[PDB]
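Asker: experimental structure and sequence below, a few questions after.
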Amino acid sequence: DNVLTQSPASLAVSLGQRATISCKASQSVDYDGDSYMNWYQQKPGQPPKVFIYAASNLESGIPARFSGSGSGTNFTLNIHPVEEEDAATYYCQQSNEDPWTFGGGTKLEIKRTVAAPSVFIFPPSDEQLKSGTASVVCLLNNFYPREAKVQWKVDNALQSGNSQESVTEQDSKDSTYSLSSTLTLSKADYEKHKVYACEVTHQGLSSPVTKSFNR
Amino acid sequence: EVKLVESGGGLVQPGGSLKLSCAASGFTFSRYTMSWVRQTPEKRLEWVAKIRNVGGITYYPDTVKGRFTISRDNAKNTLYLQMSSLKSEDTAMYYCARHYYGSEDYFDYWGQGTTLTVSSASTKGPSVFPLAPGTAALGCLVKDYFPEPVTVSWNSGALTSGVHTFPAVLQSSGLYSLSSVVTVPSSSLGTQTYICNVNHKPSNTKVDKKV
Ligand SMILES: *[C@@H]1O[C@H](CO)[C@@H](O)[C@H](O)[C@H]1NC(C)=O
């Protein structure tokens, strides 16, 4: 197979600046004066969409800030100047020989000014506690950059091993993220304690923010 | 308007078989070369099968040759993928894709995908719990389901502003969980009704939960 390797695997670019994504093929995709490398954009929940075909041709309907170059085994996608809506994963794909093959994708993150999370805490519902399990949820809403520290405290004691986090894809309009942290306890354990607290450290916060409730 | 709509995906035991369908509309289907392309949980895209607009000529990668059969019914505008001796590594979202007319050298249209899961694990429907509430936040916890995916809307699709549905997380149990949240004016809490609508097609689960 013609194995395609993309670099970098992820890239962060400031608004208005240039994104450059590379794709290297293990054998040449040139045939009779053209180079059969395509580029697709993919956003979450959608199929990929072709932006560039045969190395350097824009598909109809694509903005002018996208362009493709290269030949043989070496190809580049350029985006300049990047906009918020360009946050996405980009894939190269060769069509010179069967089997058609895809690169592994490059995720493009659009850099923006720091934005602090709005923090919310949710106790477990009565319904769930009936099942013998308590899930306590902490929400960090519409922040940038993605790096954030979320610590759970129970009667002021630090928790470890009993939470999981999930993060949204970057927003196509305002380049922020949101994050959930779920703390999972047994009912018995949950009822042993009074104060449940989520403490959030983030670059946008003048100091750590704690949201809490009493059971 | 060109449209491709995949159907037929589901949960299958290893070694099992399943047939996917793609309904095509808005173009002369018989004139086009068509492929199936899949996307693994790791987000890797893999071309799976191709059928030309001539001779019923079919092509496959060695990973599925002998196990997968692509076919077409031009009179019914339908593309098919029959899969047999299924393996865990076949788990993926399966897309129907149209080749650009003439040179056929790129995919110019795709469907929305249908999900195939190859696993010995049982189907499990989700439990839906409320996350009860300047701005207020509220939501729904969709917990302990298999397999992916689940769909979540609010007030039947009328409420989309401020909605974040988080990517599912795999728990150590092998079951998935996710939350969906929405922010609203804390004054609207008294008057407005908020319902999360959860669909888990593999288990035939449709739930509406008032928060
Ligand atoms: C491939 O292209 C990029 C720029 O287009 C360049 O940095 C790199 O040196 C090229 N590789 C080779 C082997 O020419």
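Answerer: Yes, it's here. Numbering: from 1, shown residues only, chains lettered A, B, ... in the order given.
Asker: wait, what's in contact with residue A:213?
Answerer: Residues near residue A:213 by Cβ atoms under 8 Å, 6 or more residues apart in numbering or on different chains: A:121, A:123, A:195, A:196. In this view, the C-beta of every residue, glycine as well, is placed from N, C-alpha and C.
Asker: next: residue B:38.
Answerer: With Cβ under 8 Å, 6+ apart, residue B:38 has these contacts: B:45, B:46, B:48, B:90, B:92, B:93, B:94, B:95, B:116.
Asker: and the residue nearest in space to the middle of chain A, which of the three is it?
Answerer: Nearest to the geometric centre of chain A sits residue A:169, at 4.1 Å (Cα atoms, centre = their mean). Following DSSP: H, G, I helix; E, B strand; the rest coil, the label given to residue A:169 is coil.
Asker: was I right to think it contacts residue A:44?
Answerer: Yes: between residue A:169 and residue A:44 there is a contact under Cβ atoms under 8 Å: 4.5 Å.
Asker: quick check: the residue of chain B nearest the ligand.
Answerer: Going by Cβ to the nearest ligand atom, the ligand is nearest to residue B:106 of chain B, at 21.0 Å.
Asker: among the contacts of residue A:213, who's most crowded?
Answerer: When neighbours are counted by other Cβ atoms under 10 Å in any protein chain shown, residue A:196 leads the contacts of residue A:213 with 25 neighbours.
Asker: that one touches residue A:210, doesn't it?
Answerer: No: when contacts are counted by Cβ under 8 Å, residue A:196 is not listed as touching residue A:210 (10.7 Å).
Asker: okay, and the common contacts of the two?
Answerer: Shared contacts of residue A:196 and residue A:210, counting by Cβ under 8 Å, 6+ apart, come down to residue A:153.
Asker: for stretch A:192-207, buried residues please.
Answerer: With burial defined by 16 or more other Cβ atoms under 10 Å in any protein chain shown, the residues of stretch A:192-207 counted as buried are A:196, A:197, A:198, A:199, A:200, A:202.
Asker: so can I have JSON lines of the residues you listed showing secondary structure and distance to residue A:89?
Answerer: Shown next, in JSON lines, are the buried residues of stretch A:192-207 (DSSP: H, G, I helix; E, B strand; the rest coil; distance: Cβ to Cβ, whole Å):
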{"residue": "A:196", "secondary structure": "strand", "distance to residue A:89": "37"}
{"residue": "A:197", "secondary structure": "strand", "distance to residue A:89": "36"}
{"residue": "A:198", "secondary structure": "strand", "distance to residue A:89": "30"}
{"residue": "A:199", "secondary structure": "strand", "distance to residue A:89": "33"}
{"residue": "A:200", "secondary structure": "strand", "distance to residue A:89": "28"}
{"residue": "A:202", "secondary structure": "coil", "distance to residue A:89": "25"}
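Asker: now the residues you listed as TSV including distance to residue B:1?
Answerer: Converted to TSV, those look like this (distance: Cβ to Cβ, whole Å):
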residue	distance to residue B:1
A:196	51
A:197	52
A:198	46
A:199	51
A:200	45
A:202	44
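Asker: show me what counts as buried in stretch B:89-98.
Answerer: Judged by neighbour count using 16+ other Cβ under 10 Å, the buried positions of stretch B:89-98 are B:90, B:91, B:92, B:93, B:94, B:95, B:96, B:97, B:98.
Asker: swap in stretch A:121-131?
Answerer: Neighbour counts over stretch A:121-131 (16+ other Cβ under 10 Å) mark A:121, A:122, A:123, A:124, A:125, A:128, A:129 as buried.
Asker: return the member of these nearest to residue A:91.
Answerer: When those are ranked by distance to residue A:91 (Cβ to Cβ), residue A:122 comes first, at 37.1 Å.
Asker: so that closest one bridges to which residues?
Answerer: Beta-bridge pairing of residue A:122 under DSSP bridges involves residue A:137.
Asker: thought it was touching residue A:128?
Answerer: No: between residue A:122 and residue A:128 there is no contact under Cβ under 8 Å: 11.1 Å.
Asker: residues touching residue 117, list them.
Answerer: Unless you meant another one, I'm taking chain A. So residue A:117 contacts A:140, A:141, A:142, A:143, A:148, A:178, A:179, A:200, A:202, A:204, A:205, A:209 (Cβ under 8 Å, 6+ apart).
Asker: I was after chain B.
Answerer: Each residue near residue B:117 by Cβ under 8 Å, 6+ apart is listed here: B:9, B:10, B:11, B:12, B:91, B:147, B:148, B:202.
Asker: quick check: it vs residue B:145, distance?
Answerer: 12 Å (Cβ to Cβ, to the nearest Å).
Asker: re earlier: now, which of the contacts of residue A:213 sits nearest the ligand?
Answerer: Nearest to the ligand among those, with distances taken as Cβ to the nearest ligand atom, is residue A:121, at 48.1 Å.
Asker: need the residues of chain A near the ligand, please.
Answerer: A:22, A:74, A:76 (Cβ under 6 Å from any ligand atom).
Asker: show me where the chain has helices.
Answerer: With no chain named, the answer covers chain A. Here chain A has its helices, by DSSP state H, at A:126-130, A:187-191.
Asker: I was after chain B.
Answerer: Counting by DSSP H, chain B has these helices, from start to end: B:188-191.
Asker: give me phi/psi at whichever residue of chain A sits closest to chain B?
Answerer: Proximity of chain A to chain B (Cβ to the nearest Cβ) peaks at residue A:47, 3.6 Å away. When read as degrees, to the nearest 10, the backbone of residue A:47 gives phi -70, psi 160.
Asker: show me what the closest residue to it other than its chain neighbours bridges to in the sheet.
Answerer: In space, and not counting its chain neighbours, residue A:47 is closest to residue B:110: 3.6 Å by Cβ to Cβ, 6 or more residues apart in numbering or on different chains. Beta-bridge partners for residue B:110, by DSSP bridges, are residue B:97.
Asker: residue contacts, residue B:110?
Answerer: By Cβ under 8 Å, 6+ apart, residue B:110 lies in contact with A:47, A:48, A:49, B:4, B:37, B:95, B:96, B:97, B:98.
Asker: so how far is residue A:105 from the residue of chain B closest to the ligand?
Answerer: Residue B:106 is 17 Å from residue A:105, by Cβ to Cβ.
Asker: what do you get for residue B:56?
Answerer: Taken as Cβ to Cβ, the span from residue B:56 to residue A:105 is 33 Å.
Asker: neighbour count: these two, which is higher?
Answerer: residue A:105 (22 against 10).
Asker: that one touches residue B:39, doesn't it?
Answerer: No: with contact defined as Cβ under 8 Å, residue A:105 does not reach residue B:39; the gap is 10.0 Å.
Asker: any idea how far residue B:97 is from the closest residue to chain A within chain B?
Answerer: In chain B, the residue that lies nearest chain A is residue B:110 (3.6 Å; Cβ to the nearest Cβ). As for residue B:110, its distance to residue B:97 is 5 Å (criterion: Cβ to Cβ).
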